[PDB]
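Show me how the following folds:
(2 chains, ligands or ions: 3)
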Amino acid sequence: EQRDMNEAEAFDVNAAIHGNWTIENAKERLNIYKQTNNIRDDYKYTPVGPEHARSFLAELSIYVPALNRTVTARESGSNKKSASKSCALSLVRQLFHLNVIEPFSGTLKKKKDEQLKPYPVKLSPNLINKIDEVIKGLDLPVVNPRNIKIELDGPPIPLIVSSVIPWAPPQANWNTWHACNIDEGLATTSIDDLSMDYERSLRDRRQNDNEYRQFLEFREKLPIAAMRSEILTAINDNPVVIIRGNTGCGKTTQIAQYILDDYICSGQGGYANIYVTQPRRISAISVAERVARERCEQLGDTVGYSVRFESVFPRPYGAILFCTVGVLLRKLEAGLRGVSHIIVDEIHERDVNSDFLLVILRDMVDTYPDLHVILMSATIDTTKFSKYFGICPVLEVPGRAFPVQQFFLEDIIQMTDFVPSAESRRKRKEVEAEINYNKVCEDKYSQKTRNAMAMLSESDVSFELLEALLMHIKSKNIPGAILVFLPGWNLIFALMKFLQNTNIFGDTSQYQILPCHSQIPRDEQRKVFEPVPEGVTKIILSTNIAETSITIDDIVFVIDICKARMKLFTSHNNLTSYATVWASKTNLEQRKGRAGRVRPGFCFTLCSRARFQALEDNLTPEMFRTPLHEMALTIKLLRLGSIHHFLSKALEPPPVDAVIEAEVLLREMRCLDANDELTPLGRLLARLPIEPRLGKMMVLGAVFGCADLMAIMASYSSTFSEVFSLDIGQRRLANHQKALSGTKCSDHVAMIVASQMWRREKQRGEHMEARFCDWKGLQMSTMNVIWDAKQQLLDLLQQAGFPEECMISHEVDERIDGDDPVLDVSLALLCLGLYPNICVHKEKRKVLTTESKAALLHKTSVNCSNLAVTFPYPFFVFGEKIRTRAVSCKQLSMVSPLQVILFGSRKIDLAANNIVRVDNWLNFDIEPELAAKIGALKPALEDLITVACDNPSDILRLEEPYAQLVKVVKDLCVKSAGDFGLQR
RNA sequence: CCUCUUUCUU
Ligand SMILES: Nc1ncnc2c1ncn2[C@@H]1O[C@H](COP(=O)(O)OP(=O)(O)O)[C@@H](O)[C@H]1O
Ligand code: ALF
Ligand SMILES: [Mg+2]
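Numbering: from 1, shown residues only, chains lettered A, B, ... in the order given. Ligands and ions are numbered 1, 2, ... in the order given. What follows is the structure:
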């Protein structure tokens, strides 16, 4: 009873790099520190999810007078005790790394190992001989175990051995967007001549074009147009300008146009290249479309957009590019020469990329004075941001386009006469710290309203209440599209089916319910902007993509559930969990601003007024909770200095323990050298839009000739979309989808096979592809995004220099009962690309993660079954470990013990009774000399990655020792390599 | 609605 959960959460990995501080002593050390320093602040707890899937966030902030910095922590857990232990561990690690407290000198109490039985593996004599030959050819040192047989129950014996981003004023024959010398004819004219041509063309358009006249007349009626003159003056004078105006006032649409028009009418038209960064792909594309439309032209002339897998570049001079923050971050590697203005929208999101860009822009403004940076947002602490930018003007745009009327939960209940159903309490009648805000209300509201308020729940979303609100919206008889904000896919599509069952909402002739998710098909993502036939009301159930920056021309109603879905990550146990938490006031009012832009609207907030007053202003920055190795790589790539200095200069500096963990991770994976400089491998991985470990397996697979399979699998493991779709009541995968893995019993193999057939059906035709995906229970969006990311990875690998002759698409036959060389080597590199997610199967769904911690097989895995089935091998490598009511393993792929030892392993130790211990929990019964011989190949393989990254062009023509190493690694990677003489 | 899928990565 949840004891396995308790141990799995209390399990710790990275205590070694944090001064040997663990959960088992962290609370005691924190308590002693608080007693010594007279700090009496207690933990703060936040319930998560409905009453069954209850988790907690533990928050504790401690102020140190010595360092004059408040050191905060925010950690999650299945219960209050676990959450508080994780919080105390992170806080103690932070205090240790700030040199406030000391490293641990004591020792823990008991381990309770209970090791599992050893696993037998035998190699063929010729296989051992070729391993020895490869070792001798590669001069690999070996560890003879015959001289160290002293493992008498004691410790096991190991058996293995400051620059600023470039900027310059506009220049002739230079493409700002591509960052390349045009050096191409007839555009080699003078920049002054281009400016004069722009001025003449805009004058002619303003004098003749009736559509342009009408659009300028509309633009002159926006609230930002009133302050246009002061905005232009402040932009021209000050280097950094903060523009704070209400949502829809016209910031993104109008500021860049104002700057460009001023420059062009001044005769300097070719001296204005403006970058506008949006936080969402949909927002960037839509705003670029709108600006180009009201400029009475087409995309690519003066307005362009640039997002992932989509770019319509503008003319090289006198133009605006509407990109995402990540696109600009990637573009910064080539510099920002010829960029006159950089305009950043919605700086309130506090995302990791936005904070990164803010730091970069601050240094760039400090260095170059002619570069102008504009930060526009509707909901920001202007004082905090101006203090960050060394005191800058804040221009407050007043008024608003149209009014928006906001109602709360009590108002909604009063207006719709809502009453919760009896079965709602019946489900909780079997179950039955009271900080509930649904029981806090004013005396103006009716007694029945208060009773319904108390009867409702805060962490539960009421579909009946949503349906009643939608019925009342229908009753008021007002045209307009309804935007419903929901935390995630599950709730969005559950509400979709719920509404489609009802006759009132299931009829397409009256309603058209559209999803709005980042993982729905990209053409369907545009279906939320196109209009609908008369007599049909558009209902958009959306995530936070629609929250900001976008304008649907017929949005009149915005229903808000007020919950934000966040991806938690507890680093000390590598547990990743998703939590539906309460949204902030910033998010609430940004979502409210979706209406009242083209015409007056309404906002329906499904939370209590007391709950709204209890809401935080801005959500916790993603810096405080995300890993930092990606930005560590990016800082190294852009040559921005030290990681510690760069994140100290951040708006809110991230936790020092997280920074240290990212640095240690990137050092161990060898993306940096001893001097913390970027290695060629690190640079190649930095240019890749995947996790550095997946990029390392990318390079390795390219060396081994399976780059196509490595690409498809790394793309699959890099996305949160799901390959297999479960129907209503589908607790497990269906037989046809389980068959796609054949006898390989691998989610990755099932992915590859499904993509292989889906590619053929896509070539045959779109309708046939849709029929195939429906037949096989796949996701079109998942397949297409996996293909797009894998193609991007392959193209980037080509741009690096790797030959095309290492990326041939090798077809996979999942029905092969036996050995498949390419597939086996790919599944083996999976262990390196997913370390340390290795689990051993006990029985049914019961598996053990590292240190023999309990876990369950995910319901959507091919290896999950209710029957007590056995597997050809008890070892699996999974993608991510998910924290739920239990601990689950997701995206599993059965691997052989040889593959585990070769790739999913860092330390090899010889234990007592001639058993080798790997990862301190996996037992194998082999020859210790053979274990040392196999483990000696890991440094050789690392050197192979190094030489491949040094010279990507000649990886397919390697030296003789390295070719021998590749061949012997493939031979070891075959499935039955270690099954010599074993019944298995 | 008794949770497979917040967002972003020239
Ligand atoms: N795609 C669009 N369709 C119709 N009108 C739009 C569109 N985008 C913007 N607008 C108009 O522009 C105004 C909002 O400008 P916007 O760029 O949203 O400013 P901000 O970025 O400050 O919210 C609204 O009044 C709206 O009428
Ligand atoms: F940029 Al907004 F509402 F603030 F579209
Ligand atoms: Mg906008």
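
Can you tell me the closest non-neighbouring residue to the residue in chain A positioned nearest to ligand 2?
In chain A, the residue found nearest to ligand 2 is residue A:247; the distance is 3.2 Å by CB to the nearest ligand atom. For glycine as for every other residue, the C-beta is placed from the backbone atoms N, C-alpha and C. Sequence neighbours aside, residue A:593 is the residue nearest to residue A:247 in space, at 2.6 Å (criterion: CB to CB, 6 or more residues apart in numbering).

Was I right to think that neighbour contacts residue A:246?
Yes. With contact defined as CB atoms under 8 Å, residue A:593 and residue A:246 form a contacting pair (7.2 Å).

Give me the common contacts of those two.
Each of residue A:378 lies in contact with both residue A:593 and residue A:246 under the rule CB atoms under 8 Å, 6 or more residues apart in numbering.

These two: which has the busier surroundings?
residue A:593 (25 against 21; other CB atoms under 10 Å).

quick one: contacts for the more buried one?
Contacts for residue A:593 (CB under 8 Å, 6+ apart) come out as A:246, A:247, A:248, A:378, A:404, A:548.

do that again at 7 Å, thanks
With contact taken as CB atoms under 7 Å, 6 or more residues apart in numbering, residue A:593 is in contact with A:247, A:248, A:378.

domain parsing for chain A?
What automatic domain parsing lists as the domains of chain A is A:3-97, A:174-397, A:404-607, A:623-684, A:685-978.

need these in CSV with distance to residue A:118, can you?
Putting the domains of chain A into CSV (distance: least, CB to CB, whole Å) gives the following:
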stretch, distance to residue A:118
domain A:3-97, 23
domain A:174-397, 44
domain A:404-607, 26
domain A:623-684, 28
domain A:685-978, 4
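
To residue A:105, which of the ones you listed lies closest?
Proximity to residue A:105 (CB to CB) singles out domain A:3-97 among the domains of chain A, at 8.2 Å.

related to what we said a few turns ago, contacting residues around the residue of chain A closest to ligand 2?
Contacts of residue A:247 by CB under 7 Å, 6+ apart are A:378, A:590, A:593.

Need phi/psi at the last one.
To tie it back to what came earlier, the one meant is residue A:593. Phi and psi for residue A:593, reported as degrees, to the nearest 10, are phi -60, psi 0.

For ligand 3, see how far away it is.
Residue A:593 is 10 Å from ligand 3, where distance means CB to the ion, to the nearest Å.

go on, residue A:556?
18 Å.

likewise residue A:202?
23 Å.

element containing residue A:76, please.
Using DSSP states H and E, residue A:76 falls within strand A:69-77.

Show me what counts as buried in that strand.
Under the neighbour-count criterion of 16 or more other CB atoms under 10 Å, strand A:69-77 has A:71, A:72, A:73, A:74, A:75, A:76, A:77 buried.

Give the bridge partners for the fourth one, please.
Put plainly, it is residue A:74. Residue A:74 has these beta-bridge partners by DSSP bridges: residue A:59.

Report the contact partners of residue A:698.
With CB under 7 Å, 6+ apart, residue A:698 has these contacts: A:688, A:710, A:711, A:714, A:793, A:797.

Now it: which helix or strand?
Short version, using DSSP H and E: residue A:698 is in helix A:692-704.

Helices of the stretch 851-984 of chain A, residue ranges please.
With DSSP state H, counting those that start in this stretch as the criterion, the stretch 851-984 of chain A has helices at A:897-902, A:928-935, A:937-950, A:960-973.

list the helices and strands the second one packs on?
In this case it means helix A:928-935. Counting by 3 or more CB pairs under 7 Å, 6 or more residues apart in numbering; DSSP states H and E, the packing neighbours recorded for helix A:928-935 are helix A:125-137, strand A:908-910.

could you give the angle of the longest one to helix A:937-950?
Meaning helix A:125-137. Interaxial angle, helix A:125-137 versus helix A:937-950 (axes from the mean of the first three to the mean of the last three CA atoms, to 10 degrees): 60 degrees.

What parts of chain A come near ligand 2?
A:247, A:248, A:251, A:252, A:345, A:346, A:378, A:548, A:549, A:593 (CB under 6 Å from any ligand atom).

can you tell me which of those are up against ligand 1?
A:247, A:248, A:251, A:252.

tell me the contacts of residue A:307?
Counted by CB under 7 Å, 6+ apart, residue A:307 has contacts A:281, A:284, A:285, A:323, A:324, A:327.

For the residue of the stretch 401-550 of chain A found nearest ligand 3, list the residues it contacts.
Proximity of the stretch 401-550 of chain A to ligand 3 (CB to the ion) peaks at residue A:549, 4.3 Å away. Contacts for residue A:549 (CB under 7 Å, 6+ apart) come out as A:252, A:278, A:279, A:280, A:283, A:287, A:345, A:346.

and if you look at residue A:680?
Neighbouring residues of residue A:680 by CB under 7 Å, 6+ apart: A:949, A:950.

What does it show for phi and psi?
Given degrees, to the nearest 10, the pair of backbone angles that residue A:680 has is phi -60, psi -40.

quick one: it and residue A:83, what's the gap?
Noted for residue A:680: a distance of 42 Å to residue A:83, by CB to CB, to the nearest Å.

Likewise for residue A:443?
37 Å.

who's more crowded, those two?
Per other CB under 10 Å, whichever of residue A:443 and residue A:83 has more neighbours is residue A:83, with 25 against 7.

Report the contact partners of the more buried one.
Counting by CB under 7 Å, 6+ apart, residue A:83 makes contact with A:56, A:57, A:58, A:75, A:76, A:77.

for the last one, what are its contacts?
I take that to be residue A:77. By CB under 7 Å, 6+ apart, the contact list for residue A:77 reads A:9, A:55, A:56, A:58, A:83, A:86.

Of those residues - the most surrounded one?
Neighbour max across these (other CB under 10 Å) = residue A:86, 28 neighbours.

what helix or strand does it sit in?
Going by DSSP H and E, residue A:86 is in helix A:80-97.

Most tightly packed of the helices and strands packed on helix A:928-935?
strand A:908-910 (a mean of 21; mean count of other CB atoms under 10 Å).

follow-up on the earlier one: report the spatially nearest residue to the residue of the stretch 401-550 of chain A closest to ligand 3, omitting neighbours in sequence.
residue A:283 (3.6 Å).

who touches the helix or strand where that neighbour lies?
Residue A:283 is part of helix A:281-294, with elements assigned from DSSP H and E. Outside helix A:281-294, the residues within contact range by CB under 7 Å, 6+ apart are A:215, A:219, A:252-253, A:257, A:278, A:298-299, A:303-305, A:307-308, A:310, A:320, A:322-324, A:525, A:529, A:545, A:548-550.

One more: stretch A:947-966?
Under CB under 7 Å, 6+ apart, the answer for stretch A:947-966 is A:134, A:137-138, A:680-681, A:684, A:699, A:702-704, A:800-803, A:805-806, A:937, A:940, A:944.

Which residue would be the closest one in the stretch 301-450 of chain A to ligand 1?
Of all residues in the stretch 301-450 of chain A, residue A:401 sits closest to ligand 1, at 4.1 Å by CB to the nearest ligand atom.

Tell me how many other residues crowd the closest residue to that residue other than its chain neighbours.
Nearest-residue entry for residue A:401: residue A:248, 4.6 Å, with adjacent residues in sequence omitted and distances by CB to CB, 6+ apart. By other CB under 10 Å, 22 other residues sit near residue A:248.
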